[PDB]
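# Structural overview for review
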Amino acid sequence: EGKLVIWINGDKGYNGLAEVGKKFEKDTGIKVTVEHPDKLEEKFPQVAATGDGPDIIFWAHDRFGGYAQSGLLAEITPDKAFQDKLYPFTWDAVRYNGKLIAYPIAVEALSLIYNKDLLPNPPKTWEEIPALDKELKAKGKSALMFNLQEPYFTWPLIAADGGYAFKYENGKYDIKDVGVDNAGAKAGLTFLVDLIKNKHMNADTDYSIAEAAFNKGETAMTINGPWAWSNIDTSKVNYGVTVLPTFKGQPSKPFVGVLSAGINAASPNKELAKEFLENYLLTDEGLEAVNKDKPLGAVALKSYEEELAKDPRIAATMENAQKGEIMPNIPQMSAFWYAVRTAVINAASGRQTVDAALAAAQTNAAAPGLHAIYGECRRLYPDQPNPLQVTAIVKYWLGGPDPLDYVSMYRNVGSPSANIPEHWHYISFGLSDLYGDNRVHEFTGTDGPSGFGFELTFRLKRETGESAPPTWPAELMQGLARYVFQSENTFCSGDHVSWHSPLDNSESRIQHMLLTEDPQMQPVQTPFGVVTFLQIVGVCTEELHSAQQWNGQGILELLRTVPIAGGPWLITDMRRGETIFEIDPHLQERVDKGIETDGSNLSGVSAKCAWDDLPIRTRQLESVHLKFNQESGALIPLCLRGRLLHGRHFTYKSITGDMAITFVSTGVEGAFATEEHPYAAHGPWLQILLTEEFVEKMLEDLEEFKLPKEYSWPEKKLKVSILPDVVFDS
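Every chain here is numbered from 1 following its written sequence, a scheme that can differ from the numbering in the entry; residues without coordinates are not drawn. Side-chain numbers come from the whole structure's heavy atoms, not from hydrogens or water.

The PDB entry lists the protein under the name MALTOSE-BINDING PERIPLASMIC PROTEIN, SUPPRESSOR OF FUSED HOMOLOG, with Escherichia coli given as the organism. Within the UniProt record for the protein, the comment given under Subunit is "The complex is composed of two ATP-binding proteins (MalK), two transmembrane proteins (MalG and MalF) and a solute-binding protein (MalE)." UniProt positions are given in the numbering used here, feature names are shortened, and annotations may be inferred rather than shown by experiment. If you open the UniProt record of the protein and go to Subcellular location, you find "Periplasm".

### Re the sheet that holds strand β26 (residues 624-628)
Between any two strands, pairing holds if DSSP finds at least two bridges. Counting from the N terminus, the helices are DSSP H or I runs at least four residues long and the strands are E runs at least two residues long. Spatially, the four strands line up as an open sheet ordered β24-β26-β32-β31, and their pairing is mixed. A strand with exactly one partner marks an edge of an open sheet, and here the two such strands are β24 (609-611) and β31 (709-712). The average undirected angle you get between the axes of adjacent strands in this sheet is 10°. Looking at chain direction, β31 and strand β32 (residues 716-720) are connected through four bridges and run antiparallel. Counted as the bridge partner of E710 is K719 from β32. A fitted line through C-alpha atoms serves as each axis, taken over the contacting stretch for helices, and the angle formed by two N-to-C directions is quoted from 0 to 180°.

### Section: the sheet that holds strand β7 (residues 111-115)
If you trace the four strands from one edge of the open sheet to the other, you get β8-β11-β7-β12, paired in mixed fashion. A strand with exactly one partner marks an edge of an open sheet, and here the two such strands are β8 (142-144) and β12 (239-242). Ignoring strand direction, the axes of neighbouring strands in this sheet form an average angle of 20°. Relative to strand β11 (residues 219-224), β7 runs antiparallel, the two being bridged by four bridges.

### Section: the domain arrangement of the protein
Delimitation of the domains relies on an automatic or database domain assignment. Per the domain assignment, the segments of the protein are domain 1 (1-109 + 253-327), domain 2 (110-148 + 201-252), domain 3 (149-200 + 328-366), domain 4 (367-540), domain 5 (541-601) and domain 6 (602-730). Relative placement of domain 2 and domain 5: their C-alpha centres are 65 Å apart.

### Concerning the packing of helix α19 (residues 541-549) against helix α20 (residues 552-561)
At their nearest, the axes of α19 and α20 sit 7 Å apart, and the two run at 140° to each other. Taken together, α19 and α20 sit at an angle that is classed as oblique. Taken together, the residues of α20 that come into contact with α19 (itself represented by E543, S546 and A547) are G552, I555 and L559. Here the residues of the contact of α19 with α20 are counted per class, giving three nonpolar, two polar and one charged. Small angles under 35 degrees read as roughly parallel and large ones over 145 as roughly antiparallel, with 65 to 115 read as roughly perpendicular and the rest as oblique. Note on contacts: a residue pair is in contact if any heavy atoms of the two residues lie within 4.5 Å. When residues are grouped by polarity, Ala, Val, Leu, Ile, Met, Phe, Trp, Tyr, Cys and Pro land in nonpolar, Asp, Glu, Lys and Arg in charged, and all others, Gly among them, in polar.

### Overview of the side chain of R643
Within the secondary structure, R643 is located in helix α24 (residues 636-643). With a 1.4 Å probe rolled over the protein chains alone, any residue whose accessible area is under 20% of its type maximum counts as buried; one over 50% counts as exposed, and the rest are partly exposed. When charges are counted, neither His nor the chain ends are considered; positive counts come from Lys and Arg and negative counts from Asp and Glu. When a carboxyl oxygen of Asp or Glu is within 4 Å of a side-chain nitrogen of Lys or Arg, the pair counts as a salt bridge. An unpaired buried charge is present at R643: no salt bridge exists, and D598, the closest side chain of opposite charge, is 12 Å distant. Polar contact criterion, stated in full: a pair of N or O atoms within 3.5 Å, where within protein one must be able to donate a hydrogen and the other to accept it, and residues adjacent in sequence count only if both atoms are side-chain atoms. At 2.5 Å, the side chain of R643 and the backbone oxygen of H649 are in polar contact. Residues in contact with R643, not counting those within four places in the same chain, are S600, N601, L602, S603, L638, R648, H649, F650 and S665.

### Considering the packing of aromatic side chains
A pair of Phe, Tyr and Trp rings is counted when the ring centres sit within 6.5 Å of each other, with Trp represented by its six-membered ring. The angle between the planes then sorts it: under 30 degrees is stacked, over 60 is edge-to-face, the rest tilted. Throughout the structure, instances matching the rule amount to 33 aromatic pairs. Measuring from ring centre to ring centre gives 5.3 Å for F255 and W337, while their planes differ by 65°; the resulting arrangement is edge-to-face. With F255 in the loop between β12 and β13 (256-263) and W337 in helix α15 (residues 333-349), this pair connects stretches of sequence that are 82 residues apart. Neither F255 nor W337 differs from the other in exposure class; each is buried. Aromatic pair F452 and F485: ring centres 5.0 Å apart, planes at 15°, arrangement stacked. Taken together, the positions of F452 in strand β18 (residues 449-461) and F485 in helix α18 (residues 472-487) put the pair 33 residues apart, joining distant regions of the chain. Three or more aromatic residues link up through ring pairs in this structure, and these residues are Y152, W155, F255, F336 and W337.

See below:
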């Protein structure tokens, strides 16, 4: 609005910012409003585009990387006079792609917390701690307790001797160069595991146990961030905060994240914001104002840190902050976090060796999505670690024709007791985000769908004495997958696919597909999003038609009741010769009611038909004669009962013509047919409006008699005929 609006999380000191907003108002006359709405990090991309976003946004740098790739943040341009007021490394935290995208405001870092009563002189090295633990154990106490389930707290030691996630040499992160496999990480984890083996620590320890312990006076030491402190103050423990122990002569690295403020690229007032950020907020007065209201922690302005630095506590956060590394901004951080955590836990529980866990972890950070899926696959099929797998040798993102990188092929023995035949279970890989580096699918985050948000599956009844699963279903999946990408049609459980081809290139009656949720596969959380599994179900042309006329869900249920045609898990039998309706005539009945009580999903059809026609004008007619093929005539009840009685339109379009006939219900909007003038036409396009009573009467009248079939009324006539449309006499 030419005024400055700021959105920030509910915890920090906005009133101080409001005071700075008042100070802004005094010196410049511009009103500064400060609000702190919920879930802002998610909201900013959503509203930033419209223009109702804030001019300035405050948050830890880790989000900003996402914001920067989406193009929501403006480049900031501070003079050297300014960049020198702040520490060089805080600027590093705000560089993406070599550009500066925010003013660093506050830095948070983990530190070593000790009880002054128990340990007057804290250890300067980790190697001392065992003996110290032994000493503390001597008086019924333990030395150290911290979260071993989350890598944020164990990474310093893992990072201590040379380990790293990504190295940025020019402000740009090399995503290939991962450092979870080197001697250092291995050194740290063996040491952690060794600490746990010698019962100096317990793999079970969590936030609350560690916190309860220090606050109750049960344990001697901890590692934590500023937020925890408030709770220790209430505990009245006399404690000091200092630098973390060194390992093998090198500093521990605690991830340091700096609260920063960025300027919205869609803001008119970018320069006002720059003036404000550089000359008012980043001053002793603005920061002091904010500090009194709610402490920021260790600030980024050298001058101000010195004022704050007497707090032994602040000193330690900044000592640790300088000694530690800055969090990466790329989205793959999410991938790193899942890998490590599993590695640490597995190494600590004895499930895996240190070398193997970190070796496994380095690799899993590369293609997490594939693996996460492999996880779900592993839960169902522990018996089959390696299944026959079709690989696309020419990868899609290098110009390849096949978008599914892998299709795994399993043998499911089934359950005879549940009437589930033995079958082959195909799972696809590529529709979801496997790699998460933007090679095929744009990265979206943990929230929201990974890639298209699903993978395809298929269940093919095993023929007797078949040694191996056939491969044609993979080619089918590739076909569908291409459609997904090109077609950009939504795929949800219940949707149908018109193929018109043998699914397996045989003479089978199964020539179409319906889609449903996989019976036994549960969806998964991959760092790049959520993945669900859509199973393909082979159907006959008649069954597809029923699905179109009613809905997919209903026909799926019908397929579940007839075991040969699907059963509870919907196994496709290509060899199947009968439709579900030929097997049980009463199923047709269930379909008709569904159409009655649900309406029909068919908005129109392409068929042989015509009406009497003849720079364009909307004509009105008092007489109308419609002509239909037997095939289209058959749908007239559906057109009337299914749509008009539910206030829904229906459209016939001529295969051979530009003619069209749209049956219109009352309450439809946008028709040029009125109750006053029911029959009207625009060029070859005809709309006819029918009142519900008339519709009911017509329905009674239509019901075998020899073609041609003629119906007549006091205003309109109808004919059903066959080859006349196909072949004219003139």
